[PDB]
Amino acid sequence: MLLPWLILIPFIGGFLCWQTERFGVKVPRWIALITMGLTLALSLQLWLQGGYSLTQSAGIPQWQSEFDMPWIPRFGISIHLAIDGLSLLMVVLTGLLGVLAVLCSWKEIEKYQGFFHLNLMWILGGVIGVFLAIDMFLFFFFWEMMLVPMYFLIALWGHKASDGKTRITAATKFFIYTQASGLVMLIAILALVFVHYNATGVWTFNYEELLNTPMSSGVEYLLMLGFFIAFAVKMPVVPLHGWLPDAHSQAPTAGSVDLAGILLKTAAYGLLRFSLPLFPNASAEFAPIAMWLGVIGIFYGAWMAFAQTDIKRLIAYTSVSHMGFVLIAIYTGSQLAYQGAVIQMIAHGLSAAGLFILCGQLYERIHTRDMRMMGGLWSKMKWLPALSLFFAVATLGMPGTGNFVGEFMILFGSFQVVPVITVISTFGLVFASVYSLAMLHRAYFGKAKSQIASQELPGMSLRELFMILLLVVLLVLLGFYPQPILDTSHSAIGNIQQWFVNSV
Amino acid sequence: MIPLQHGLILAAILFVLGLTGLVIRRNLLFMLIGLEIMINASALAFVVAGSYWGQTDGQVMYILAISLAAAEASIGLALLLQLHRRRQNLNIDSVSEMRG
Amino acid sequence: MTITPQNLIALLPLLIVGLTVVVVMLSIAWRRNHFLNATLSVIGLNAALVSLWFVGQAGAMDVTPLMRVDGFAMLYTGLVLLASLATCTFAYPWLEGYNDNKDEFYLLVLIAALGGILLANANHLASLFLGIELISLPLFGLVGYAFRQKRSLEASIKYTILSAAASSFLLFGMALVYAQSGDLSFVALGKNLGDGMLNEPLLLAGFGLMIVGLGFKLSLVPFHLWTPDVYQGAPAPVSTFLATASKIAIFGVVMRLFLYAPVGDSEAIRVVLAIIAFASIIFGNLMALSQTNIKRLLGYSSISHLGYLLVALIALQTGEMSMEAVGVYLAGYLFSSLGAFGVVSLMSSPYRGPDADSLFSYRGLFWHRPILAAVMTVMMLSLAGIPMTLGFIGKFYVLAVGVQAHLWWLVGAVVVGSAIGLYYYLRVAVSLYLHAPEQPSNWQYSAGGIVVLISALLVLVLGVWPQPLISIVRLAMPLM
Amino acid sequence: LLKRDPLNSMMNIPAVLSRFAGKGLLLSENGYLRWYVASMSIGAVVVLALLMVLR
Ligand SMILES: CCCCCCCCCCCCCCCCCC(=O)OC[C@H](COP(=O)(O)OCCN)OC(=O)CCCCCCCCCCCCCCCCC
Ligand SMILES: CCCCCCCCCCCCCCCCCC(=O)OC[C@H](COP(=O)(O)OCCN)OC(=O)CCCCCCCCCCCCCCCCC
Ligand SMILES: CCCCCCCCCCCCCCCCCC(=O)OC[C@H](COP(=O)(O)OCCN)OC(=O)CCCCCCCCCCCCCCCCC
Ligand SMILES: CCCCCCCCCCCCCCCCCC(=O)OC[C@H](COP(=O)(O)OCCN)OC(=O)CCCCCCCCCCCCCCCCC
Ligand SMILES: CCCCCCCCCCCCCCCCCCCC
Ligand SMILES: CCCCCCCCCCCCCCCCCCCC
């Protein structure tokens with residue numbers, strides 16, 4: 001009953017951010033702050049009242065909360081939301097990152113700031129809707145819902161130092177990739193619904209009824225491939241990754257845009273919720289190809305991140321490699337690897353959010369993004385290079401941060417299932433250390449390679465320092481005490497895994 | 001004792017000749033003339049079809065066809081007069097400013 | 001058969017539009033007045049909508065050997081009437097800028113609407129041919145209404161010559177079909193065949209020549225090359241009418257013809273129409289890629305969208321929701337094209353004379369026309385099939401229809417063409433909000449703005465909540 | 001060797017093919033009415049031949 005409000009509070013908040021711009025130009029940032037605060041507080045209350053640590057696995061369907069309302073009764077389409085542990089963790093994560101995105105866009109007050117905030121809130125509400133929707137048409141609708149505010153954020157409010165045409169090019173590349181993949185997913189959804197209708201005779205887009213739909217191996221493989229292509233563009237999975245560094249480089253220079261739209265992983269959750277249960281045999285036969293695609297993604301993302309002269313492109317390719325790890329984890333049959341994948345998703349969200357925020361602050365201070373135009377910035381800036389050192393250490397895979405817990409539980413489960421791919425992925429961890437040290441050496445250590453680098457730069461203010469330190473504390477606590485997260489996601493992960501391994 | 005095939009073949013011959021005149025002629029007046037040959041061939045085909053079946057519908061189709069031919073001939077000749085008055089030239093290739 | 005009083009009350013939109021044509025003509029003859037004659041035309045069209053309500057209160061029946069009135073006829077009549085009313089509303093400020101006579105515009109719009117109503121009710125080859133011609137000839141006048149302007153005269157000449165050729169092709173194909181089948185009614189085109197002999201060579205050839213004429217009229221490949229020229233050169237309200245009402249009415253009569261004719265389920269015609277649909281989708285989307293002209297872009301857009309509709313037509317004899325998909329998609333396409341061509345019409349109004357340029361210059365439109373920019377970007381999203389818009393609902397219907405009928409090449413064509421559409425539609429929608437260096441006050445201009453804003457609100461609301469439109473189109477059922 | 005993303009290029013070549021095919025198809029829109037009539041007659045020949053072949 002709170003899930004409709006979990007989606008509607010961002011949308012009403014964005015409408016109010018647009019509407020209360022007339023009383024002041026410093027007002028819409030406030031209204032955005034309250035609406036993401038209430039969204040985060042509602043998600044936290046759903047965590048507190050859910051009792052996710054005590055609930056046991058009983059098989060799909062098993063939702064801690066549910067909501068249904070008919071939307072298009074001709075096709076059997078309803079606004080059908082449901083929440084369990086995995087969805088709850090993703091919703092709490094996107095609420096926290098939405099609050100951090102509102103905080104990151106602070107002190108940036110100009111005309112049509114309310115429209116920026118409205119686009120931000122609509123992106124975040126669409127992300128929450130993808131995490132909550134458990135009927136296929138509403139899931140697809142929310143899937144394509146975020147991309148229009150995302151497109152207008154990249155194209156209109158993007159990197160102000162760009163030509164103006166490159167921002168439009170990156171936004172168009174991102175939109176075309178994501179929407180063509182979504183359309184292929186819609187073809188798969190439609191064909192699955194028609195197969196179910198030919199089997200039974202009733203229209204349903206509900207995911208619970210579409211489970212155990214009798215179909216042949218070729219048809220199931222094709223439907224799984226359509227779903228996988230949609231989830232592979234947005235994960236990203238190589239070679240469908242090309243939109244990501246260009247969208248990150250041309251995104252609004254605060255980096256709040258990255259946190260709100262580009263950095264959350266609806267694709268891994270989509271694979272876990274709708275690929276493995278809906279098509280278990282097809283996912284079982286597709287597992288070698290997807291695991292090798294994940295291996296290639298790890299090493300390709302590492303080699304790309306090492307070759308970048310741009311910080312933002314570097315961090316985007318770090319995201320590519322870590323999602324290669326998650327893609328290997330998803331197609332195993334291991335509960336341990338799935339729990340590691342959940343921890344990895346949360347920790348990569350936190351760590352990449354910190355990295356992108358710190359890069360935005362660094363660009364604000366030095367007005368350039370070329371690593372060859374700076375050096376020895378440790379001696380010039382008070383707080384930023386040490387926190388950037390911590391976040392490079394976190395994305396490196398260091399114990400004490402949640403990234404290590406995620407990667408290593410993934411690798412333990414994967415080695416129980418597939419040893420060779422696990423070995424190659426650990427050498428991927430070596431490559432990750434290589435690019436993290438390369439970024440640290442090129443940016444903050446050495447001598448100044450330009451005149452702007454050899455100047456005393458102003459320190460971080462209290463708000464941005466406090467949000468960075470909150471991210472640091474959350475990453476350290478996730479590294480040392482990841483048990484509440486595992487207890488939250490345990491029942492959902494057990495349901496997904498027991499469905500996937502018992503039907504093959 | 002006339003086959004329907006012979007009347008239909010004659011109508012097809014006239015339609016093909018009118019279309020050839022519409023394509024190969026660069027003067028707009030001769031394009032309009034070929035259009036009249038085409039629509040008259042279509043009306044002849046309808047009359048042949050109606051006279052085979054012994055029905056009045058073929059001549060009614062002819063009547064509607066020649067009503068269209070009259071009205072579209074008047075419109076085409078008004079446009080031809082406007083083109084001649086605006087450009088002093090009946091070239092259909094010269095009126096080509098709009099292009100991809 | 002004769003015409004009963006029941007046949008008269010079913011004939012009500014046609015009678016009201018014909019009486020409006022006569023009344024408007026007599027008012028023109030009494031004195032040349034722009035405002036009162038525009039008012040009389042729009043009053044006649046609104047009375048025709050209420051007449052459609054009264055027709056709906058009556059039953060579905062065959063008013064002539066020629067006409068058949070059912071919920072299908074009522075729906076497509078309503079679509080044609082809405083497009084005509086919007087064309088009159090857009091036409092008034094543009095004609096207020098005009099210098100010559102500005103009431104024959106409304107006379108031609110009314111006669112073209114009469115042809116649209118006839119095509120909505122057409123159950124015969126007679127009424128099909130006559131409705132096509134009654135659409136075409138007033139559009140010959142309307143496309144070249146500003147004949148002193150070079151582009152309008154050129155578009156008039158091109159449309160007139162090519163539509164005369166297409167009507168010759170359609171008439172010859174009709175004659176060949178009538179030579180094979182002794183009756184001209186839609187239900188009888190192929191009744192005198194059996195034991196798998198539906199593929200009679202003369203019936204197929206006649207239907208092919210009719211396909212040539214109808215595919216000219218629907219801008220289907222390879223009879224599409226006229227579309228960007230006539231769309232760019234014509235007056236902007238004429239572009240609105242030619243984009244909406246002509247295509248809607250002709251595609252509706254093509255629906256009824258292929259639904260009723262026993263040769264409509266021929267495999268050869270299905271394969272030929274599948275080829276035309278594939279080529280139309282791909283070619284229109286590919287050709288709108290590099291267009292700086294908004295009207296040519298919308299012309300190639302119409303080519304692609306009619307290809308999507310033709311895909312929905314191919315599955316008419318296999319699936320069940322083909323007519324439903326065509327109705328929903330046609331309502332959405334009507335409202336999208338009304339909004340887009342209305343923004344183009346309002347920014348080109350009043351008329352600036354035959355010598356002055358009529359360029360849209362959509363770049364930076366938001367900084368001086370914000371509401372028009374919002375309406376135009378809603379249309380650009382809707383024509384791209386973006387969810388939260390009614391164009392996506394139509395695209396979803398087309399995809400479901402193709403998936404049911406196992407038309408996989410057509411479904412892949414829709415996906416590829418939709419991606420290309422995303423490129424050029426988003427290019428226009430984001431150029432609306434950039435910055436441009438350099439480059440009303442009456443209630444009719446405000447009425448046109450109200451029309452495009454209501455179209456935007458309809459597209460958004462029925463994209464979010466499409467159930468009322470689906471319910472309306474579902475009860476508009478033709479005779480089985 | 002990989003510093004300029006090769007996978008991005010081999011996924012961007014459909015856009016290059018789309019632009020090339022669109023520019024090639026725009027050659028038919030030369031604006032000549034006689035070519036438009038010729039194209040309609042060519043399409044008529046193609047449609048009729050397809051109907052006779054497929055039957
Ligand atoms: C403008 C130009 C550029 C744009 C356009 C470019 C081209 C676009 C179109 C690309 C896709 C082409 C069509 C792919 C689907 C082919 C389907 C097919 O051949 O199905 C045959 C068969 C059907 O199964 P059936 O035999 O009926 O099952 C019952 C008993 N077995 O199927 C089977 O039995 C199963 C077959 C499975 C494998 C076929 C699909 C291959 C897909 C390759 C791409 C994805 C690769 C993996 C993911 C990569 C990373 C995301
Ligand atoms: C709201 C969402 C958007 C909708 C967009 C619609 C666009 C097209 C507008 C016209 C559509 C007309 C469709 C009519 C279908 C009717 C089918 C039918 O069979 O209806 C039967 C019903 C009476 O029921 P029954 O008892 O069965 O009658 C027969 C018994 N002898 O009879 C009826 O129900 C009668 C129906 C009368 C319709 C009158 C319409 C008046 C004009 C309405 C315009 C709305 C504004 C749209 C544009 C806004 C501006 C851009
Ligand atoms: C560019 C992107 C778009 C690409 C083009 C669009 C998708 C093309 C898919 C090609 C499918 C080929 C199918 C070949 C056999 C068809 C005839 C047949 O026998 O089908 C089997 C079956 C119908 O037979 P029935 O007796 O009803 O059995 C029901 C239970 N199967 O059939 C059914 O029940 C339904 C069969 C559904 C087939 C798959 C539909 C979804 C496809 C997902 C996306 C495409 C594949 C992955 C991506 C490729 C690369 C882009
Ligand atoms: C790995 C294989 C299996 C998985 C396949 C999955 C397919 C769906 C998801 C991937 C889609 C990839 C799309 C790649 C192109 C993205 C569009 C793009 O790059 O746009 C930017 C570009 C404009 O930039 P610029 O080059 O500066 O402009 C010159 C003109 N002024 O724009 C242009 O230059 C023009 C853009 C034209 C329209 C977009 C391109 C459409 C191409 C077909 C789309 C469907 C593809 C189907 C599969 C193809 C084979 C993989
Ligand atoms: C719900 C409708 C979604 C699609 C329509 C989008 C248009 C919404 C209304 C207009 C928004 C204008 C935003 C302009 C921002 C310009 C910023 C310039 C300075 C950075
Ligand atoms: C230039 C643009 C080209 C776009 C082409 C789009 C093609 C999409 C993929 C079509 C795949 C069709 C597969 C048909 C399989 C039929 C199997 C029948 C078995 C009896």
Side-chain angles (χ1 to χ4, degrees), chain A residues 165-166 168-184 215-222 225-226 228-233 237-240 242-243 246 282 286 289-290 293, chain C residues 46 49-60 70-83 85-86 89 282 285-286 289-290 327 330-332 334-335 338-339 390 408-409 412-413 415-424 427 450-455 457-458 461-462 466 468-469 471-477, chain D residues 7-8 10-19 21-22:
Chain A
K165 199 186 179 296
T166 36
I168 299 173
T169 305
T172 314
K173 202 214 228 281
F174 150 78
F175 204 98
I176 286 173
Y177 263 88
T178 45
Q179 284 264 355
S181 55
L183 277 180
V184 178
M215 46 192 181
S216 60
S217 53
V219 179
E220 189 191 13
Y221 204 91
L222 286 163
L225 271 180
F228 181 80
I229 281 189
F231 297 142
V233 156
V237 176
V238 291
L240 304 170
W243 62 275
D246 311 48
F286 190 65
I289 303 179
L293 279 169
Chain C
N46 293 289
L49 280 182
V50 189
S51 86
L52 219 38
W53 153 227
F54 275 114
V55 160
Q57 262 313 117
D70 37 21
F72 186 93
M74 305 174 209
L75 174 65
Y76 290 61
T77 305
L79 295 189
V80 163
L81 286 164
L82 286 174
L85 280 149
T89 302
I282 297 302
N285 282 294
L286 279 179
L289 267 169
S290 54
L330 270 174
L334 163 77
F335 291 134
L338 275 194
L390 195 46
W408 308 120
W409 293 98
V415 172
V416 171
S418 177
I420 308 164
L422 289 165
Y423 179 76
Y424 61 79
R427 198 178 30 88
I450 281 284
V451 162
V452 296
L453 188 54
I454 286 180
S455 299
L457 276 35
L458 276 182
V461 164
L462 296 176
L469 185 72
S471 295
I472 283 174
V473 170
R474 266 186 71 88
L475 49 91
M477 260 306 96
Chain D
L7 293 189
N8 184 46
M10 57 102 63
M11 293 312 294
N12 268 19
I13 41 173
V16 180
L17 289 188
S18 295
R19 305 201 290 271

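Just so it is clear, the values below take in all heavy atoms, side chains as well, and ignore hydrogens, waters and symmetry mates. Whatever order the structure lists them in is the order used to number ligands and atoms, beginning at 1. Here is how names work: the chains are called A, B, and so on, in the same order as the sequence lines, proteins then strands, and each is numbered from 1.
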Those atoms of ligand 4 less than 4.0 Å from some heavy atom in C:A419
44 (C)
Check each of [options] against [atom] and report the one with the nearest heavy atom.
atom                    : options                        : result
atom 51 (C) of ligand 4 : A:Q179, D:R19, D:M11           : D:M11
atom 15 (C) of ligand 4 : D:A15, D:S18, A:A180           : D:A15
atom 37 (C) of ligand 4 : A:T172, A:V237, C:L289, A:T166 : C:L289

Could you identify the single nearest non-hydrogen protein atom to atom 38 (C) of ligand 2 and state the distance to 0.1 Å?
C:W53 CA, 4.5 Å
Give the atom numbers and elements of ligand 1 that come within less than 4.0 Å of a heavy atom of A:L240.
51 (C)
Numbered atoms and elements of ligand 1 in range of A:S216, under 4.0 angstrom, heavy atoms
28 (O), 29 (C)
Those residues that, when tested against C:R474, pass salt bridge (charged side-chain N to carboxylate O under 4.0 Å, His left out) (two or more places apart):
C:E324
For ligand 2, the portion of [X] having any non-hydrogen atom under 4.0 Å away:
X      : value
C:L462 : side chain
C:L82  : side chain
C:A58  : backbone

[atom] within contact range, any protein heavy atom under 4.0 Å:
atom                    : answer
atom 19 (O) of ligand 2 : yes
atom 46 (C) of ligand 4 : no
atom 6 (C) of ligand 2  : no

Taken in chain and number order and not counting sequence neighbours, the residues that satisfy side chain to side chain contact (heavy atoms under 4.5 Å, CB included) with A:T166 are A:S162, A:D163, A:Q250
Using the ring of each side chain (for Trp, its six-membered ring), is A:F228 parallel, tilted or perpendicular to A:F286, with breaks at 30° and 60°?
perpendicular
